[PDB]
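Notes for the structure review
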Amino acid sequence: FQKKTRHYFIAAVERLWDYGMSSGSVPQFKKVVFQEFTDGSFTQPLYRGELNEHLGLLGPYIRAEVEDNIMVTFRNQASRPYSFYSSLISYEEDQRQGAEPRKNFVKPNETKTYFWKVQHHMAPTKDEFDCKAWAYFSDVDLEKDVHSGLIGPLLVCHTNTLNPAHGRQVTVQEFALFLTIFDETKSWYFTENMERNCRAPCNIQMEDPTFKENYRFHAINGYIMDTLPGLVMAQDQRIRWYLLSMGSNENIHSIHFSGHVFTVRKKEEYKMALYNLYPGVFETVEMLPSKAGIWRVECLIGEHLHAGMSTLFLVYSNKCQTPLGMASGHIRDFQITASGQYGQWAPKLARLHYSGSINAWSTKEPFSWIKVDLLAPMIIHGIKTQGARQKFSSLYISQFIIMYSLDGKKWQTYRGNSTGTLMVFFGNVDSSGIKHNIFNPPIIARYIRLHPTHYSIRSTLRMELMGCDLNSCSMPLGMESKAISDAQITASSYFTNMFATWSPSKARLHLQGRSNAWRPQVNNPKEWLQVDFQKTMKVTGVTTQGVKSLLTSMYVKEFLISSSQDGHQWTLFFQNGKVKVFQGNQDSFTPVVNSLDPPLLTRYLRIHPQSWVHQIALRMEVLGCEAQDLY
């Protein structure tokens, strides 16, 4: 094993604070931020990827192991000079000095570089977790420059915990949360007060009730209206929260995650439901978010919640109404083929919460649709839909219909609970409106289409899909295991006397007994066996088999299948042309791998025998799963 020298090429620059969710007269503000750069030339702006966009408005992640080397090669690009400071900032030796000027000061365009051995002084212990949290910031004006925006996260971990892939991922997934009430009586804000807001209409509210940050900025970062973007994780892959509070002396932030419970190491580990974040207390805390859906982080201190802390997060997965991974799924998955175009393009980047100005789907086309391929047959319980924000303009989809496909070939429309002809969905009201439409129940698709019925200024959408897995279903549905009850299967008829009862309940793949299968009362090709599923299912295929009656051999050679949603009237199974002549059995044992070209959407599944051997006789199984459960 080795040690590593890990240099971070980092600078300070401005831009700042977009509001643009929904809730036009938005101000510009112009505070400072830390920024990662590529090298010593300081050119490439090191594009903040989907995996750390939550980080947004503060600095990048500086990271090391125990016996390691940390290096910062820093440039300042701003008006006030700033600096780089943290707890282990091991400055060495003495000098031919005048009472030790150990003052860190970094002038604009000058390059102050410093590097140090990270000793076990910063390190987590055996009683602790994989990695500890620390803060870096600017020490020049440590009152102002924390409100100025120079907040930074530092991660010190155990040896053999990081990767060649950068950072660590061994069942991890890490997010820093940065709780501060910001204020502009601090950093340079004179160059904001009469820069923007004022020209000839000015001279309104000096310091008297104008309090521009106590008008707004309760930060969980600085994307902090009631919403910040990239809090994206799996419901099993057990997440580490890096919770640091900063700011002034009221900046006690009592934070929780509704529906979830976390575990905090200290001496031993003990289990907590909310944490009181104190200014200068840098916490590391873990959870296993086994409640799938959509939640939020909030500071539960009354007044702080009611001015910008009700901030979302999203947990994808299995168990089993989970997101399908519009954040953490596929970097640029499926989209359209023609129906989607504005430069700022289609899915590609139409994901729920995704930040920036180039963000979401965007078409001024009356005949529009988007289309995801879920790569597999999948459960989809619902959809969260949301709009995007323009120049000064609110723009979303207000109504939509959904279509889906199981194959790629034959699509149809959708129909909510007894609704009418077509299921009309309500969309957003605004450019934020996380309108979590559940599909009451089902859709086993692979492909989903969203078509707008009405729009604002364009057909504009970003979204996330709910559901899970089936069970990835070349798996038995429950005829062998008997998850499908003996009450839950009827046939057209059954053969019964005294020595035998060949009831429909017995049509199971490997059954023994005297009457060990289904047989009808007489032998017709308009006969049938019917599985009721007490909820709506997907079918991969039907595995058929015959009977060893001790008398003679008995099996079904050829058959047809019918489906139904109501349970009473029947739409039957077709090829590309006429009905499907299914190839079946030849013996008293041996099961048949008999699957469907379109996989079947159905709650009611009927076997219709055609040709047989000696009598019609059936043992069987269904391969499949649900998706959801009715209409």
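Criteria and thresholds
Residues numbered from 1 in each chain as written, not as in the entry; some residues may be left out. Heavy atoms only, no water. Pairing = 2+ DSSP bridges. Helix = DSSP H or I, 4+ residues; strand = E, 2+ residues; numbered from the N terminus. Axes fitted to C-alpha atoms, helices over the stretch in contact; angles between N-to-C directions. Polar contact = N/O pair within 3.5 Å; in protein donor to acceptor, adjacent residues only side chain to side chain. Contact = heavy atoms within 4.5 Å. Core = buried A, V, L, I, M, F, W, Y, C linked by side-chain atoms within 4.5 Å. Buried < 20%, exposed > 50% of the residue type's maximum accessible area, 1.4 Å probe, protein only. Patch = residues over 30% accessible without salt bridge, like charges linked within 9 Å, V, L, I, M, F, W, Y side chains within 5 Å. Areas by Shrake-Rupley, 256 points an atom, 1.4 Å probe, with all protein chains shown as cover. Salt bridge = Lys/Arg side-chain N within 4 Å of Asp/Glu carboxyl O. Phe/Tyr/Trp six-rings, centres within 6.5 Å; stacked < 30°, edge-to-face > 60°. Domains from an automatic or database assignment. Buried area = accessible area lost by both parts, 1.4 Å probe. Disulfide = S-S within 2.5 Å. UniProt positions renumbered as here; feature names shortened; annotations may be inferred.

Hydrogen bonds along the backbone pair up the strands of a sheet, which may run parallel or antiparallel. The four strands lie next to each other as β2-β1-β4-β5, forming an open sheet whose pairing is mixed. Two strands in the sheet have a free side with no partner beyond their single neighbour: β2 (32-36) and β5 (111-117). Neighbouring strand axes in the sheet, compared pairwise and without regard to direction, differ in orientation by 25° on average. With eight bridges connecting them, strand β1 (residues 5-14) and strand β4 (residues 69-76) associate as parallel partners. Along β4, the bridge assignment pairs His-7 with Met-71.

On to the side chain of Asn-594. With respect to the helices, strands and loops of the structure, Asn-594 is situated in the loop between β36 (582-583) and β37 (595-612). Polar side-chain contacts of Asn-594 include one of 2.8 Å to the backbone oxygen of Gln-583. Each residue touching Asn-594, except ones within four places of it in the same chain, is listed here: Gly-541, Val-542, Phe-559, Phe-582 and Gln-583.

Attention now goes to the nonpolar core. Of all hydrophobic cores here, the largest spans 44 residues; its most connected members are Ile-62, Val-118, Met-122 and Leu-154. Residue assignment for this core shows that the elements contributing at least two residues are β1, β2, β3 (62-64), β4, β6 (131-136), β7 (152-157), β8 (174-181) and β11 (239-245). The element that contributes the greatest number of residues to this core is β6, accounting for five residues. Excluding its chain neighbours within four sequence positions, the residues that come into contact with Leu-154 are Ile-62, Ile-70, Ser-86, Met-122, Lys-132, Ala-133, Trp-134 and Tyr-136.

All right, on to a nonpolar patch on the surface then. A cluster of nonpolar side chains, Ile-252, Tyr-278, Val-281 and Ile-301, forms an exposed patch at the surface whose accessible area comes to about 290 Å². If you trace the backbone, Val-281 turns up in the loop between β15 (274-277) and β16 (282-287).

This paragraph deals with the packing of aromatic side chains. Each aromatic ring pair is specified by the distance between its two centres and by the angle formed by the two planes. Under the definition given, this model contains 25 aromatic pairs. Between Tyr-85 and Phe-137, the ring centres sit 5.4 Å apart and the planes meet at 85°, which makes this aromatic pair edge-to-face. A residue pair is termed long-range when its members are at least 10 positions apart, and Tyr-85 in the loop between β4 and β5 and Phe-137 in the loop between β6 and α1 (144-147) qualify at 52 residues. Take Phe-137: its relative accessible area is 15%, and that puts it in the buried class. Ring centres 6.1 Å apart and planes at 50° place the aromatic pair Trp-411 and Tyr-447 in the tilted group. Of this pair, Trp-411 sits in the loop between β23 (397-405) and β24 (424-426) while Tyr-447 sits in strand β26 (residues 444-455), and the two are 36 residues apart along the sequence. What makes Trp-411 partly exposed here is its relative accessible area of 22%. Judged by its relative accessible area of 11%, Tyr-447 is buried. Connected via pairs of aromatic rings, a cluster forms that spans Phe-175, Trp-241, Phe-257, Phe-262 and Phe-313.

Attention now moves to the domain arrangement of the protein. Here the protein is described as being made up of domain 1 (5-316), domain 2 (332-468) and domain 3 (489-626). Between domain 1 and domain 2, the C-alpha centre-to-centre distance is 34 Å. Taken together, the contacts link twelve residues of domain 1 with 13 residues of domain 2. Both faces considered, domain 1 and domain 2 share a buried interface measuring about 1200 Å² in area, 57% of it formed by carbon and sulfur atoms. Of all residues in domain 1, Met-21, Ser-22 and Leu-314 give up the largest surface area on contact with domain 2, accounting jointly for 34% of the area buried on that side. The tally of links between domain 1 and domain 2 comes to six residue pairs in polar contact.

Strand order in the open sheet formed by five strands is β10-β18-β17-β12-β15, and the pairing between neighbours is mixed. Edge strands, defined here as strands with exactly one partner in the open sheet, are β10 (232-234) and β15. In this sheet, neighbouring strand axes are inclined to one another by 25° on average, regardless of whether the strands run parallel or antiparallel. Bridge count between strand β17 (residues 295-299) and strand β18 (residues 311-316): three bridges; the pairing is antiparallel. Residue pairing in the sheet places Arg-296 in a bridge with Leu-312 of β18.

A negative phi holds for most residues other than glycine; trans holds for most peptide bonds. For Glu-93, which is not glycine, the phi torsion reads 45° and is therefore positive. As for its position among the elements, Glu-93 is in the loop between β4 and β5. Residue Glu-93 is classed as exposed on the basis of its relative accessible area of 72%. The phi dihedral of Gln-205 is positive, around 60°, even though this residue is not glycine.

Checking the UniProt disulfide annotation for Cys-198 and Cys-202 gives a sulfur-sulfur distance of 2.0 Å, short enough (under 2.5 Å) to count the bond as formed. Across the pair, exposure class does not vary: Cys-198 and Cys-202 are buried alike. At 1.8 Å, the distance between the sulfur atoms of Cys-320 and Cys-468 falls under 2.5 Å, matching the disulfide given in UniProt. Of the two residues, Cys-320 is situated in the loop between β18 and β19 (322-323) and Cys-468 in strand β27 (residues 462-468); the sequence distance between them amounts to 148 residues.

Right, let's talk about the state of the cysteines for a bit. The full count for this structure, using the stated rule, is four disulfides. Bridging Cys-131 to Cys-157, the disulfide has an S-S length of 2.0 Å. Between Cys-131 and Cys-157, the S-S dihedral sits near -70°, and the bridge is therefore left-handed. Remark: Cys-157 occurs in strand β7 and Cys-131 occurs in strand β6; sequence separation between them is 26 residues. The pair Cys-131 / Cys-157 is uniform in exposure class, with both members buried. Each disulfide pairs two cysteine sulfurs, and for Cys-473 the partner residue is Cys-625, the sulfurs being separated by 2.0 Å. Note on the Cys-473 and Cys-625 pair: the S-S dihedral is about 50°, so by sign convention the disulfide is right-handed. Residue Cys-473 is located in the loop between β27 and β28 (489-491), and its partner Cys-625 is located in strand β38 (residues 619-626); the two are separated by 152 residues in the primary sequence. According to the relative accessible area criterion, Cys-473 is buried, its value standing at 3%.

This part is about the pattern of salt bridges. Here the idea is simple: oppositely charged side chains can pair when their charged atoms come close. Inspection of the entire model under this criterion finds 25 salt bridges. Here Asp-183 ties to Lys-186 by a salt bridge, and the two come within 3.7 Å at their closest N and O atoms. Measuring nitrogen to oxygen at the nearest pair gives 2.6 Å for the salt bridge that ties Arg-238 to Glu-286. Linking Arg-238 in the loop between β10 and β11 with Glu-286 in strand β16, this pair joins segments that are 48 residues apart in sequence. Exposure remark for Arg-238: the relative accessible area of 24% places this residue in the partly exposed category. Using a relative accessible area of 8% as the deciding quantity, one classes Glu-286 as buried. Among the charged side chains, a network of salt bridges with common partners joins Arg-63, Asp-130, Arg-168, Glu-174, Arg-238, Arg-240 and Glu-286.

Attention now goes to the environment of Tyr-19. Summarising the element assignment, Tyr-19 is placed in the loop between β1 and β2. A relative accessible area of 18% means that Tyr-19 is categorised as buried. If we skip the residues at most four places from it in the chain, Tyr-19 touches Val-26, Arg-216 and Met-225. Polar side-chain contacts of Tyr-19 include one of 2.6 Å to the backbone oxygen of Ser-23.

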